[PDB]
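Q: The structure that follows is given in the form of structure tokens.
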Amino acid sequence: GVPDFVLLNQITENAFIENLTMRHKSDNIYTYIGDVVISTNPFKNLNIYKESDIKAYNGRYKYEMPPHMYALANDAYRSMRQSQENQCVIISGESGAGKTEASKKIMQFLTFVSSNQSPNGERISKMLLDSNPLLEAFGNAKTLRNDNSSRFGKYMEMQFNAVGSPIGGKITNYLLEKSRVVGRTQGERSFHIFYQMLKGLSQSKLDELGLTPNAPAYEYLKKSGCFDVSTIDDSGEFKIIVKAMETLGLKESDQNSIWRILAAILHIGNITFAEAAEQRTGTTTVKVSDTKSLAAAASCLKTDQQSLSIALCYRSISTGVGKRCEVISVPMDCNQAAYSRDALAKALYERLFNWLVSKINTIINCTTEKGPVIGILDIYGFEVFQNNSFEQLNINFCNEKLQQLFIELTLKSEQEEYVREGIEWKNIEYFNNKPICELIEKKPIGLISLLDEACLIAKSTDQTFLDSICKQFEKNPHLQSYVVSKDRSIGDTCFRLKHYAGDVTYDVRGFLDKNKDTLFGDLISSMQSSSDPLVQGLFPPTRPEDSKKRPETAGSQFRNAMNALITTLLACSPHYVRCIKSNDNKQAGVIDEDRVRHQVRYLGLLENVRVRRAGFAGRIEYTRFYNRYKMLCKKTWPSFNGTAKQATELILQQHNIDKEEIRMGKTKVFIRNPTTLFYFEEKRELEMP
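Heads up, the final residue of the sequence shown is numbered 697 in the deposited numbering, and it's a clean run with no missing numbers.
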């Protein structure tokens, strides 16, 4: 009748949408693109992931029941069950499209299949449901496009035993946005952990720390631009979070210990540099008139206020293996002072978040069991604001790397599996491997390769670097501007950049100082040699499972963090799930035609289907082509060989048909035009009434 989506009456553009709409309005959410799942997000609890439906899809196949358990899984996730290995699922899409729901679908499908009962196994099924009111507190922030937007890459890992049942899991984060601690547009926030504190502690405790329930009063928080949000109610959320804080195991005693770390950051935030007017003209020294605020930090940091001012304002260098003799120095400009200042407040939080979340699991993470691991991916999605900037460049860059991930896996890796599983396969035309957009920013002579060159040249400002792009390139594909491309739409202070489809114009504000975030010893060394257990805690015993070389900026370190991510993604058994946002009105049962159509277009997912199989009109699976058109040919009866694709050859070679007319491969038979599907039926119709 209507076996899944592959089988359409008309394999065309218009028919593809008409059916897609007919699917959505027929309680058919999940749609198959080619052994790959495409889903959406209801943004709430739907009664379709509960026992009943789970028991429906057990021991059956795809072509037997409606879209829900794409055969590939049953034929791949189970294929490695005899081989005896673990899996890993990757998920992508727009922000808010359920870097969670799509992950939950895996769980609710994963359980039960693992033979149900298990005291330690079903326990996580209960706690992970109580994670929804919890997870939204730590690694989440509000974007103008998404409220529950995670602000850090996450690769969850489900642990199991030598049977198939779950036992526990761990978490791994990444470099994460840099300038979201000090710079942002009026309306957005930085991180919850800060705001949740201010409207939590009693005014009494705040006054003791020289604080006040009002961000505007501060400086660091004032440089952000905004403070209050119209959609979020922090004051009323605190007491609700406290219950969630205790749910894990963070008693008031522990809470107070955590607030000190933030208080330390706030004390750093009340420390600026009253541009010392010691020098009379050009260069300038650094002096602190507001000693009250400066002293407050050193007081809570429990370090010598004097040494702190001398060691930081004046950098030390003289490490001749024997290991250093400090103090020799001389003042420097204000820009560098404010720059080095930020680098301290940026590196402190990075190593904080890492050590913080890792110490939370100490109470949560299962220690009772031990075993392998199955991975799950979740990252921030695509976005476009009124005005783009350096931030969008790095984010959109990740999408290009993400698009490459799929291509490398669902398009390239799978092809190599055909020639490895003893199948007569031939290299079918596939759109460019687009390795040029990658080599243009990795090996010598490249984007971020030239950028690294422009960074360390302290004088080469953002403007000068932008000039190095237009000249070195504007010849290689995927780049334009106002000089080469005659188009007024490109401002003189802006530049055009072509993506995989859409066009985006960026600004060059920040770039360097924002990306660098370099902090050498001299400044760090003063903190590492602290006696307080908290301060030194922010500086773990030297490189935890991340050594290599140490000094080389944090910007270049970002690339390394993302490269180390893909390296471990291309060494396992992938699984593909993509998400799409319903609408911008939070409506139920309403599809935005233009919005959804656009997403499917600029991503080239329909061209993907074509290339995935080979590319043309109507296409049908071999495994399925066989058990369907048998009565047409002779000797294609229970006295068969077994193979499906081989039989197809025997049928077409005996009746003398040009073999180039039909393209042969592993899966998906290729016969041009859909008019032939009738030709098969007719060949069967008027020969046996």
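Quick reminder that beta carbons are idealized off the backbone N, C-alpha and C, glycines included.
(1) So which of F547, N568, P548 has the shortest CA-CA distance to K556?
(2) Tell me, please, whether the segment 419-437 touches the segment 198-216 by the rule of three or more beta-carbon pairs shorter than 8 Å.
(3) Work out the CA separation of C502 and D495 for me, nearest whole Å.
(4) Taking only runs of the alpha helix (DSSP H) that begin and end inside the segment 189-252, which ones reach a length of at least 4 residues, in chain order?
(5) Determine the direct distance from the alpha carbon of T327 to that of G545, and round the result to whole angstroms.
(6) At the level of alpha carbons, what is the spacing between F439 and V619?
(7) What do you get for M639, buried or exposed, if any count of 16 or more other CB atoms within 10 angstroms of its CB means buried?
(8) Spatial neighbours of residue 702 within its chain, please: CB distance less than 6 Å, with the 5 preceding and 5 following residues excluded, ordered by chain position.
(9) From this set, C641, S476, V677, which residue's C-alpha is nearest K653's C-alpha?
(10) Within the segment 469-532, note down every full beta strand (DSSP E) run reaching 3 residues or more, in order along the chain.
(11) Since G430 is in the beta strand (DSSP E), which residue starts that stretch and which ends it?
(12) Pick out whichever of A303, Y322, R517 has its Cα sitting closest to the Cα of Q313.
(13) State the Cα-Cα distance for the pair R586 and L614, rounded to the nearest angstrom.
(14) Find out if the Cβ-Cβ distance for the pair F390, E109 is shorter than 7 Å.
(15) Checking 7 Å against the spacing of the C-beta atoms, do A319 and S493 come in under that value?
(16) Helix, strand or coil for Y438 per DSSP?
(17) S647 to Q662, Cα distance in whole Å?
(18) Hey, quick one: how far does the alpha helix (DSSP H) through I276 stretch, first residue to last?
(19) Pick helix, strand or coil for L152, following the three-state DSSP scheme.
(20) Does the distance from the C-beta atom of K524 to that of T472 stay below 7 Å?
(21) If you drop the 5 nearest sequence neighbours on each side, which residues of the same chain put their C-beta closer than 7 Å to that of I372?
(22) Would you call the segment 173-180 and the segment 120-140 touching, i.e. three or more CB-CB distances under 8 Å?
(23) Quick check on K178: does DSSP put it in helix, strand or coil?
(24) Would you be able to state if there are at least three C-beta pairs under 8 Å between the segment 69-79 and the segment 136-145?
(25) Give the single residue among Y182, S139, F168, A170 whose Cα lies nearest to the Cα of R159.
(26) Please classify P541: is it buried, with 16 or more other beta-carbons within 10 angstroms of its beta-carbon, or exposed?
(27) Apart from the five residues on each side of it in sequence, which residues of its chain come closer than 8 Å, Cβ to Cβ, to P221?
(28) Restricting to runs no shorter than 3 residues, where is the beta strand (DSSP E) found entirely within the segment 578-612?
(29) Among all the DSSP beta bridges, which residues are the ones paired with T39?
(30) Only counting runs of 4 or more residues, tell me where the alpha helix (DSSP H) segments fall wholly within the segment 544-576, in order along the chain.
(31) Per DSSP, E165 forms a beta bridge with which residues?
(32) Below 8 Å on the Cβ atoms is my contact criterion, and I expect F281 with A345 to pass it. Report the Cβ-Cβ distance as a whole number of Å.
(33) Should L356 go down as buried or exposed, given a rule of 16 or more other Cβ atoms within 10 Å for buried?
(34) Taking the alpha carbon of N435 as the reference point, which residue from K674, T29, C580 has its own alpha carbon closest?
(35) So, for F120: in the same chain, excluding its five sequence neighbours on each side, which residues have a beta-carbon less than 7 Å away from its beta-carbon?
(36) For a quick check, are the C-beta atoms of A223 and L217 less than 7 Å apart?
A: Taking the definition as stated:
(1) Residue 556 sits at position 548 when you count from the first residue of the sequence shown. Minimum Cα distance to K556 is reached at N568.
(2) As far as the Cβ criterion goes, the segment 419-437 does not touch the segment 198-216, which means the pair count is below three.
(3) Reading the sequence shown from its first residue, position 487 is the one you call residue 495. Reading the sequence shown from its first residue, position 494 is the one you call residue 502. If you take the alpha carbons of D495 and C502, they lie about 12 Å apart.
(4) Every unbroken stretch of the alpha helix (DSSP H) spanning 4 or more residues and falling wholly within the segment 189-252 is given here in chain order: 200-206, 211-216.
(5) By 1-based counting over the sequence shown, the position of residue 545 is 537. By 1-based counting over the sequence shown, the position of residue 327 is 319. About 25 Å.
(6) For the purposes of this step, residue 439 is taken as residue 431 along the sequence shown, with counting starting at 1. For the purposes of this step, residue 619 is taken as residue 611 along the sequence shown, with counting starting at 1. Cα to Cα, the separation comes out at about 7 Å.
(7) Within the sequence shown, the letter at position 631 stands for residue 639. It is exposed - the Cβ of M639 has fewer than 16 other Cβ atoms within 10 Å.
(8) With the chain represented from 9 up to 697, any question about residue 702 goes unanswered, as that position is not in the structure.
(9) Along the sequence shown, one-based indexing puts residue 653 at 645. Minimum Cα distance to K653 is reached at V677.
(10) Here the runs fully enclosed are 502-506, 511-515.
(11) Indexing the sequence shown from 1 puts residue 430 at position 422. Counting along the chain, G430 falls outside any beta strand (DSSP E), and DSSP gives it neither H nor E.
(12) Residue numbering aside, residue 313 sits at position 305 when the sequence shown is read from its first letter. The candidate whose alpha carbon is nearest that of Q313 is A303.
(13) The residue given as residue 586 occupies position 578 in the sequence shown. The residue given as residue 614 occupies position 606 in the sequence shown. About 14 Å.
(14) The residue you call residue 390 lines up with position 382 of the sequence shown. The residue you call residue 109 lines up with position 101 of the sequence shown. Contact flag unset, no.
(15) For the purposes of this step, residue 319 is taken as the residue at position 311 of the sequence shown. For the purposes of this step, residue 493 is taken as the residue at position 485 of the sequence shown. Cβ distance not < 7 Å, so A319 and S493 don't count as in contact.
(16) Residue numbering aside, residue 438 sits at position 430 when the sequence shown is read from its first letter. Coil at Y438, not helix or strand.
(17) To locate residue 647, count along the sequence shown from 1; it is residue 639. To locate residue 662, count along the sequence shown from 1; it is residue 654. Their backbone Cα atoms lie some 18 Å apart in a straight line.
(18) Here residue 276 corresponds to residue number 268 of the sequence shown, with the count starting at 1. Counting along the chain, the alpha helix (DSSP H) containing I276 begins and ends at 260-277.
(19) Walking along the sequence shown from the start, residue 152 turns up at place 144. In this structure, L152 counts as coil in the three-state DSSP scheme.
(20) Taking the first residue of the sequence shown as position 1, residue 524 is located at position 516. Taking the first residue of the sequence shown as position 1, residue 472 is located at position 464. Taking 7 Å as the Cβ cut-off, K524 and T472 do not qualify as a contacting pair.
(21) Against the sequence shown, residue 372 aligns to sequence position 364. Excluding sequence neighbours, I372 sits near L256.
(22) Cβ pair count under 8 Å is three or more, so yes.
(23) As a first step, residue 178 is located in the sequence shown; it is residue number 170 there, counting from the start. Residue state, collapsed to three classes: strand.
(24) Contact between the segment 136-145 and the segment 69-79 is not established, with fewer than three Cβ pairs separated by less than 8 Å.
(25) Here residue 159 is taken as the residue at index 151 of the sequence shown, counted from 1. Out of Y182, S139, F168, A170, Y182 has the C-alpha closest to the C-alpha of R159.
(26) Position 533 of the sequence shown, counted from the first residue, corresponds to residue 541. The C-beta of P541 has fewer than 16 other C-beta atoms within 10 Å across all chains shown, which makes the residue exposed.
(27) Along the sequence shown, read from residue 1 onward, the residue named residue 221 stands at position 213. Contacts found: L206, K207, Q211, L214.
(28) Whole beta strand (DSSP E) segments, 3+ residues: 584-588.
(29) If you number the sequence shown from 1, residue 39 lands on position 31. Per DSSP, the beta-bridge partners of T39 are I46.
(30) Correct list: 563-575.
(31) Counting from 1 along the sequence shown, the entry for residue 165 is found at position 157. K178, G383, per the DSSP bridge assignment.
(32) Reading the sequence shown from its first residue, position 273 is the one you call residue 281. Reading the sequence shown from its first residue, position 337 is the one you call residue 345. Confirmed, about 5 Å.
(33) For the purposes of this step, residue 356 is taken as residue 348 along the sequence shown, with counting starting at 1. Under the 10 Å beta carbon count, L356 is surrounded by 16 or more other beta carbons and is classified as buried.
(34) Within the sequence shown, the letter at position 427 stands for residue 435. Distances from the CA of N435 to each of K674, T29, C580 were compared; the closest alpha carbon is that of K674.
(35) Along the sequence shown, read from residue 1 onward, the residue named residue 120 stands at position 112. Answer for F120: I62, listed in chain order.
(36) Translated into positions along the sequence shown, residue 223 becomes position 215. Translated into positions along the sequence shown, residue 217 becomes position 209. No, the Cβ-Cβ distance between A223 and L217 is not below 7 Å.
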